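Summary of the model geometry
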Amino acid sequence: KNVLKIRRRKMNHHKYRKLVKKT
Amino acid sequence: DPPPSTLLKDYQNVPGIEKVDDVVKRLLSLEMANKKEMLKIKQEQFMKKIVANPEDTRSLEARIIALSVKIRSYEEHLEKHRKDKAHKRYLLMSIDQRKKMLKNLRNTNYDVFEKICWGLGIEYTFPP
Amino acid sequence: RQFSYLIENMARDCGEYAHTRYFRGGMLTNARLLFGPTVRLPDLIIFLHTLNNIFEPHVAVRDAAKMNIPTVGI
Amino acid sequence: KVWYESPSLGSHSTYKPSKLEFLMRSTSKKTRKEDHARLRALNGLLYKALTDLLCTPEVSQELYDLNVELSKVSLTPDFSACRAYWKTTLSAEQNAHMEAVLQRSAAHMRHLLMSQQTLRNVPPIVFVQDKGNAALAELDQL
Amino acid sequence: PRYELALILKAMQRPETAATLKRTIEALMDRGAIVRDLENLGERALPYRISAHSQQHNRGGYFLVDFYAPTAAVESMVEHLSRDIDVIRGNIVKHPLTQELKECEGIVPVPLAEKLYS
Amino acid sequence: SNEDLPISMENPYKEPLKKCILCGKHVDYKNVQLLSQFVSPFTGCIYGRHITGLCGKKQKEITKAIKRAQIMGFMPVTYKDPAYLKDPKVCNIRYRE
Amino acid sequence: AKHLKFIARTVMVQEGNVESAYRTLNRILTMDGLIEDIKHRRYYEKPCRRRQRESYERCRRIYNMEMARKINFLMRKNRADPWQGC
Amino acid sequence: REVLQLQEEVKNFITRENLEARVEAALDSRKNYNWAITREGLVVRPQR
Amino acid sequence: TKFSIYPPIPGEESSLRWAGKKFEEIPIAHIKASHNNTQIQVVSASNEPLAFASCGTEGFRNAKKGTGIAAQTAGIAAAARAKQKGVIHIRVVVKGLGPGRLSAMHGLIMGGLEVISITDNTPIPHXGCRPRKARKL
Amino acid sequence: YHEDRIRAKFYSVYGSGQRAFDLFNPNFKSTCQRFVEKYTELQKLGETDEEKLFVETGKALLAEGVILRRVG
RNA sequence: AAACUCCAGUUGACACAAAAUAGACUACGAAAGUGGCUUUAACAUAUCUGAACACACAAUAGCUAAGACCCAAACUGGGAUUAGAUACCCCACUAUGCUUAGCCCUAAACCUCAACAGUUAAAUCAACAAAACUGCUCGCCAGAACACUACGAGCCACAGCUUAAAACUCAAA
Ligand code: FES
Ligand SMILES: [K+]
Ligand SMILES: [K+]
Ligand SMILES: [Mg+2]
Ligand SMILES: [Mg+2]
Ligand SMILES: [Mg+2]
Ligand SMILES: [Mg+2]
Ligand SMILES: [Mg+2]
Ligand SMILES: [Mg+2]
Ligand SMILES: [Mg+2]
Ligand SMILES: [Mg+2]
Ligand SMILES: [Mg+2]
Ligand SMILES: [Mg+2]
Ligand SMILES: [Mg+2]
Ligand SMILES: [Mg+2]
Ligand SMILES: [Mg+2]
Ligand SMILES: [Mg+2]
Ligand SMILES: [Mg+2]
Ligand SMILES: [Mg+2]
Ligand SMILES: [Mg+2]
């Protein structure tokens, strides 16, 4: 199968980790 | 524990074992065997002391005694091997299985349940 | 094919018909086109061998049932 | 079966790779994906058969001493000849001696392949020197 | 249980080799072992060079000691052999003759389907 | 009923199962001659069961025996002991020229 | 290092034919798996990658052996046509 | 039967009294565990 | 007697001789065939160095060192210095699968040396140090 | 069939007869079949041992001129 | 190119690192895992099912403390490439991978197949995967996205983990 759902989750987690890092 | 001079369970009832050379008695004793052989002697000691028929190994009493001997061996193993998670699991599972046996023996034969607790030194506890 | 010659001769001798050759798609289910609108199909098909040369059922077994033709078969 | 498909409907059909079948084959027919596999596997057997014959002392004492090594073996799908590439040695003169021995042996080799009847219908065996070292041999001679 | 001590001794003259064996068998007896037999496999070239006690060895005397001992004697004996300078390499294994070989009917065929399936 | 009808029983013509060359024999780590027959002469590599013809059980015993003999000082690791090069060749492997 | 030298992986040359001796040595090292072993060891193959290739190699060998067996079995009938014309 | 067999073997077991005699009796002897197998499954004992 | 590809075992009584010298007495040509270079050292049976040549010492640089013709040239150079010291027969011990693995041996022959045996000593660890990570290409 | 046990032993002990089977003749009798018929006759005479009933059968055929070459 | 040039080759001595071949085997363990050798201990349950939280475990990465350090190696530094190259390629070296004692409790932790029992006759069956099902039990799910998020609570966790919404939005996903 495709990994498009994982890719959505991947970006959400990256941006969250980066947001937590900044603040 | 039984004395090291104790003969193996298989050679205890052969005729003439008391007249053999001392060397032959050492080779047929617990001293020259692995620990599992000492546990077979312990199990038989508890069976004769507790159960009505020492030769009935399929009764709920015999299983509790057999498992109680295994439980004690795990405790001694873990006294020397405190990071052995495999045997720590076996101990906790064995304690749980015996509690289930004791629960079923208490419900079916209380007089025997009491003799098993006295003989093996088990303090039955009700679950939370 | 070991018995193609034998079977073709037996049919001619008894006054009947033999098909021992490659069976083309639609000989029975499309006979009117292949032979003509007035073609009469067989009233009985006798299979001396029911399998084709790749060890599958002869196509005429299925097609004979489609055309409601009784089949005798070894 | 495996991820590699082996459900062929005509699986029981008798594989008949002969020079005569090609002339009665339908060129209109398009080769199946697994039709190549049957050819590829036969080529592997021809490699193993020639390679084993090469290393046995008795078949030809001349052949065994040479210690010939085959680079590749691809039978022609036409079935006219069994190509048998043989790795070319660096020694320029030794590439001629090995080649000469192979050509003489080749005629007897075909009969010896009939001894293994499964590979009996073998086309004339052809040996090809590996040009990697052989092409340079011609130039350096000139 | 019954054990087999595979003993490789420094290549020495007969008097020193006998003193090493006696000293080694007494160590087994001091630890409670009942020694059953002593076999000489002969002096031979080692399969490779062995360094032991600040020395390099190319030949050794191969000996076997069949004996019975308590399970706690093995650990103590291995320590004793490590300190004897005349022992090149000593290993204690469970005696192979105790383990009984189970009978075999033959080689049962294994289905190829299971091979790729497994 | 009828005397000529077939009767139920086990195959009387059944053949015995195959056995490896070492079936029924003790494999000792001290028997380096036997163990050497299953390692490569040039590299000392243990042969797979497709070369030795052994069954899974004896393939395992031979493997465990070789590894024990090698590290205990009975058997070389990187080559077959030359003393055993003239022993019976029981392995389906052809090497030289 | 601790073993005897000039026994392992050693081939003698016959009649000064060094090319044939080298091919024999290379054939020995290839059959014993040392050549492929040396090459795979130049860079570290990760355990998940080693298992995948070992599993792929074992399934390919079985598939090729099974495809060879089928062709050998089905080549018995490669003889000339006994019933030509029918 | 196992106690009887074992009772006879103990007569030949090494002891502190007979240790020296058995130690010397071993240096003079040789025990060979080597033997080879053939393609027919036959043991080929060593030439000694 | 039939020819044996197996080398004579030291301590046994062989009949093979090379200029009256036994196999154990023949000097050794050590060829290290690396991926980017080839090094050849000829030593006596007593481990006395007699000649050394590599692609780098023969004036090859960078990728030219990792070629067959560079290794062949290194072999000829080592053979010449060894022949002056009295070497005719050599035992070849080659470690590594570099491009100069076979070419280095040819150069030794073209330089006047006779190879009586070939030994591979390419290091193979039996389990050892972790190699560098794979390259992304 | 019960006689299959006798046929398995006969083939093991004496092997297949050097005489060739003629499967075209519907009344063909092989050496094994001749052995089986004699073996059955002697069993009906009251003999019940198996190892003894097999040795006496071989002797009877030798007396009749049959060639029985033991494989081993 | 940089780097090294107390460098390289042969020989000898030499580890608290890692475990060719066997292994084309398919075993052990609850899973995670487990493939050099030896020994000791040792692999629960004589009906099944039974927990995000109880009980005990749980790869890799990571934390705290003390050690080891061959090799590999985030990061970092240097070389090169490039429009740029915080990459891919080359070199060096660190945390880290190891040991000991504590933590942390995650994984595409996946045969992507819940446990147990039974069946091969029915219709074989949306498709693909891995032939199709029955009994029984627990767990779980109810359009997408918001969301492995917010808040609450618990936790040796404090840039964490577990449990886990809503508003706005869409006619798809
Ligand atoms: S076949 Fe019986 S042990 Fe190998
Ligand atoms: K290993
Ligand atoms: K998976
Ligand atoms: Mg998002
Ligand atoms: Mg349960
Ligand atoms: Mg749970
Ligand atoms: Mg719940
Ligand atoms: Mg969780
Ligand atoms: Mg963990
Ligand atoms: Mg850590
Ligand atoms: Mg490094
Ligand atoms: Mg940079
Ligand atoms: Mg570090
Ligand atoms: Mg370690
Ligand atoms: Mg996993
Ligand atoms: Mg469940
Ligand atoms: Mg939703
Ligand atoms: Mg997460
Ligand atoms: Mg969260
Ligand atoms: Mg919170």
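Residues numbered from 1 in each chain as written, not as in the entry; some residues may be left out. Chains lettered and ligands numbered in written order. Part of a larger assembly, values for the part shown. Heavy atoms only, no water. Residues with missing side-chain atoms left out of burial classes, pairs and counts.

cryo-EM is the method the PDB entry states for this structure, with the resolution given as 2.90 Å.

1. Description of the overall build of chain G
Secondary structure assignment for chain G yields three helices and one strand. Listing each helix as α and each strand as β along chain G from the N terminus yields β-α-α-α. Taking 12 Å as the expected radius of gyration for a compact globule of 86 residues, we find that chain G reaches 22 Å, considerably beyond that expectation. With the C-alpha coordinates of chain G rotated into their principal frame, the extents come out at 75 × 50 × 20 Å. (Helix = DSSP H or I, 4+ residues; strand = E, 2+ residues; numbered from the N terminus. Rg over C-alpha atoms; globule rule 2.2 N^0.38 Å.)

2. Some points on the interface of chain G and chain I
With 24 residues of chain G at the interface, the matching set in chain I holds 35 residues. Looking at which element gives the most residues to the side of chain G that touches chain I, the answer is helix 1 (residues 18-31) of chain G, with six residues. Classifying every residue of the side of chain G that touches chain I by side-chain character gives 16 nonpolar, two polar and six charged. In this sheet, strand 5 (residues 114-120) of chain I lies alongside strand 1 (residues 10-12) of chain G in antiparallel orientation, the contact comprising three bridges. Residue pairing across strands places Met12 of chain G opposite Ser117 of chain I, the latter belonging to strand 5 of chain I. (Contact = heavy atoms within 4.5 Å. Nonpolar A, V, L, I, M, F, W, Y, C, P; charged D, E, K, R; others polar. Pairing = 2+ DSSP bridges.)

3. Description of the pairing of strand 1 (residues 2-10) of chain E
Moving residue by residue along a regular strand, the side chains alternate between the two faces of the sheet. All names here are of chain E. Counted residue by residue, strand 1 has nine buried out of nine residues, so it is predominantly covered. Relative to strand 3 (residues 56-68), strand 1 is paired through nine bridges, and the arrangement is antiparallel. Across the sheet, residue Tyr3 finds its bridge partner in strand 3, namely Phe67. Bridging between strand 1 and strand 4 (residues 87-94) involves seven bridges; their strand directions are antiparallel. Across the sheet, the residue bridging to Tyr3 is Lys94, located in strand 4. (Buried < 20%, exposed > 50% of the residue type's maximum accessible area, 1.4 Å probe, protein only.)

4. Quick notes on the environment of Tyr117 of chain E
Among the structural elements, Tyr117 of chain E can be located in helix 3 (residues 112-117). Along the backbone, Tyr117 of chain E and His80 of chain E are 37 residues apart, and their C-alpha atoms lie at a distance of 52 Å.

5. Overview of the packing of helix 4 (residues 85-108) of chain B against helix 5 (residues 110-120) of chain B
All names here are of chain B. Two elements in contact, helix 4 and helix 5, have axes whose closest approach is 6 Å; the angle formed by their N-to-C orientations is 140°. Considered as vectors, helix 4 and helix 5 are oriented oblique to each other. The segment helix 4 lies against helix 5, with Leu102, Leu105, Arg106 and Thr108 engaging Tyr110, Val112, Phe113, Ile116 and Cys117. Across the contact of helix 4 with helix 5, the residue classes tally to seven nonpolar, one polar and one charged. (Axes fitted to C-alpha atoms, helices over the stretch in contact; angles between N-to-C directions. Parallel < 35°, antiparallel > 145°, perpendicular 65-115°, else oblique.)

6. So, the protein's contact with RNA strand K
Near RNA strand K, the surroundings consist of 84 residues, among which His87 and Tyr90 of chain B, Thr63 of chain F together with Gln39 and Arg130 of chain I are the closest. Sugar plus phosphate: this is where 74% of the atoms of RNA strand K within 4 Å of the protein reside. With respect to RNA strand K, the backbone of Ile92 of chain E contributes an N or O atom lying 2.5 Å from a sugar or linking oxygen. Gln59 of chain F is positioned with one of its side-chain polar atoms (N or O) 3.1 Å from a sugar or linking oxygen of RNA strand K. Top contributing element to the surface near RNA strand K by residue count: helix 4 of chain B, with 11 residues. (Near = heavy atom within 4 Å. Polar contact = N/O pair within 3.5 Å; in protein donor to acceptor, adjacent residues only side chain to side chain.)

7. Details of the arrangement of the chains
The chain pair with the greatest number of contacts, out of 16 pairs of chains in contact, is formed by chains G and I. You won't find any contact between chain C and chain H; their C-alpha atoms come no closer than 42 Å. No interface is formed between chain A and chain I, the nearest pair of C-alpha atoms being 23 Å apart.

8. Quick word on the sheet that holds strand 3 (residues 125-129) of chain D
All names here are of chain D. On the basis of which strands lie adjacent, the open sheet formed by three strands has the order 1-2-3 and mixed pairing. Lying at the two open borders of the sheet, with one neighbouring strand each, are strand 1 (70-75) and strand 3. Between one strand and the next, the sheet's axes are offset by a mean angle of 20°, whatever the strand orientation. Taken together, the five bridges between strand 2 (residues 82-86) and strand 3 define a ladder with parallel strand orientation. By the bridge assignment for strand 3, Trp86 is matched with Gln129. Along the sheet, helix 4 (residues 92-115) makes contact with strand 2 and strand 3, crossing strand 3 at roughly 160°.

9. So, the side chain of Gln70 of chain F
Checked against the element boundaries, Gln70 of chain F lands in helix 3 (residues 56-72). A residue is classified by how much of its surface remains accessible, and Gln70 of chain F, at 4% relative accessible area, is buried.

10. A look at unusual backbone geometry
Residue and element names in this part refer to chain C. Even without a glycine there, the phi angle at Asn68 is positive, about 55°. Tracing the backbone shows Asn68 in the loop between helix 3 (59-66) and strand 2 (71-73). By relative accessible area, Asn68 is classed as exposed at 69%.

11. Considerations on a positive patch on the surface
Judged by side-chain charge, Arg42 and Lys46 of chain G together with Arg130, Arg132, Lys133, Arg135 and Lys136 of chain I come together as a positively charged surface patch. Structurally, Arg135 of chain I can be placed in the segment after strand 5. (Patch = residues over 30% accessible without salt bridge, like charges linked within 9 Å, V, L, I, M, F, W, Y side chains within 5 Å. Areas by Shrake-Rupley, 256 points an atom, 1.4 Å probe, with all protein chains shown as cover. Salt bridge = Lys/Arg side-chain N within 4 Å of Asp/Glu carboxyl O. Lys, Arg positive; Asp, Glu negative; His and termini not counted. Charge placed at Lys NZ, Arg CZ, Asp CG, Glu CD.)

12. Some details on the sheet that holds strand 4 (residues 89-95) of chain I
Read across the open sheet, the six strands follow the order 1(G)-5(I)-4(I)-1(I)-2(I)-3(I); overall the sheet is mixed. Sheet topology places strand 1 of chain G together with strand 3 (49-54) of chain I at the edges, where each strand pairs with a single neighbour. With strand direction ignored, the average angle separating the axes of adjacent strands in the sheet is 20°. Two strands pair when backbone bridges link them, and strand 2 (residues 38-43) of chain I and strand 3 of chain I are joined in this way by five bridges, in the antiparallel orientation. Counterpart to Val42 of chain I in the pairing with strand 3 of chain I is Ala51 of chain I. Strand contacts of helix 1 of chain G: strand 1 of chain G together with strand 5 of chain I, with the helix running at about 10° to strand 5 of chain I, the strand carrying the most contacts. Sheet strands touched by helix 1 (residues 68-84) of chain I: strand 2 and strand 3 of chain I. Its angle to strand 3 of chain I, the strand with the most contacts, is close to 160°.

13. Some words on the packing of helix 1 (residues 14-30) of chain E against helix 2 (residues 71-83) of chain E
Residues and elements named next belong to chain E. Contact geometry for helix 1 and helix 2: axes closest at 10 Å, N-to-C directions at 155°. Judged by the angle between their axes, helix 1 and helix 2 are roughly antiparallel. For the element pair helix 1 and helix 2, the recorded crossing hand is right-handed. Facing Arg23, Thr24, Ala27 and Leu28 of helix 1, the residues of helix 2 in contact are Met77, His80 and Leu81. Among the residues making up the contact of helix 1 with helix 2, the classes are represented as four nonpolar, two polar and one charged. (Left-handed = near helix turned anticlockwise from the far one by under 90°.)

14. With respect to a nonpolar patch on the surface
Residues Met10, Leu44, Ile46, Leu48, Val72 and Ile74 of chain C make up a contiguous nonpolar surface patch of roughly 570 Å² in combined accessible area. With respect to the element layout, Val72 of chain C can be found in strand 2.

15. Considering helix 1 of chain I
All names here are of chain I. With 17 residues, helix 1 should cover 24 Å at 1.5 Å per step; its first-to-last C-alpha distance of 25 Å lies within 8% of that length. Among the residues making up helix 1, those that are buried are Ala70, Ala71, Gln72, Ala74, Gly75, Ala77, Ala78, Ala79 and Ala82. On its buried side, helix 1 packs onto strand 2, strand 3 and helix 2 (100-110). (Expected span 1.5 Å × (residues − 1).)

16. Some details on the packing of aromatic side chains
Applying the stated criterion to the full structure yields 22 aromatic pairs over all chains. Consider the rings of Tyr110 of chain B and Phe113 of chain B, whose centres lie 5.6 Å apart with planes at 45°: the pair is tilted. Highlighted residues: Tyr110 of chain B and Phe113 of chain B, both in helix 5, separated by three residues, approximately one helical turn. Among the residues examined, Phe113 of chain B registers a relative accessible area of 5% and is labelled buried. When the centroid spacing of 5.8 Å and the interplanar angle of 15° are considered together, the rings of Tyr14 of chain J and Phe54 of chain J count as stacked. Taken as a pair, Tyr14 of chain J in helix 1 (residues 2-14) and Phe54 of chain J in helix 3 (residues 50-63) lie far apart in primary sequence, 40 residues in all. Note on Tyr14 of chain J: relative accessible area 13%, which makes it buried. Cluster of aromatic residues (ring-pair linked, three or more members): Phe10, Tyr11, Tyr14, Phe35 and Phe54 of chain J. Lying over the aromatic face of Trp118 of chain B, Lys49 of chain B brings its terminal NZ or CZ to 4.9 Å of the ring centre. The ring of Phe6 of chain G carries the charged tip of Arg91 of chain I above its face, separated from the ring centre by 4.0 Å. (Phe/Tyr/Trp six-rings, centres within 6.5 Å; stacked < 30°, edge-to-face > 60°. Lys NZ or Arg CZ within 6 Å of the ring centre and 35° of its normal.)

17. Topic: the pairing of strand 4 of chain I
Residue and element names in this part refer to chain I. In terms of residue burial, strand 4 counts as a mostly covered element, since six of its seven residues are buried. Here five bridges tie strand 1 (residues 28-33) to strand 4, and the two strands are oriented parallel to one another. By the bridge assignment for strand 4, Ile28 is matched with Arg91. Note that strand 4 and strand 5 share six bridges and pair parallel. Counted as the bridge partner of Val92 is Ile118 from strand 5.

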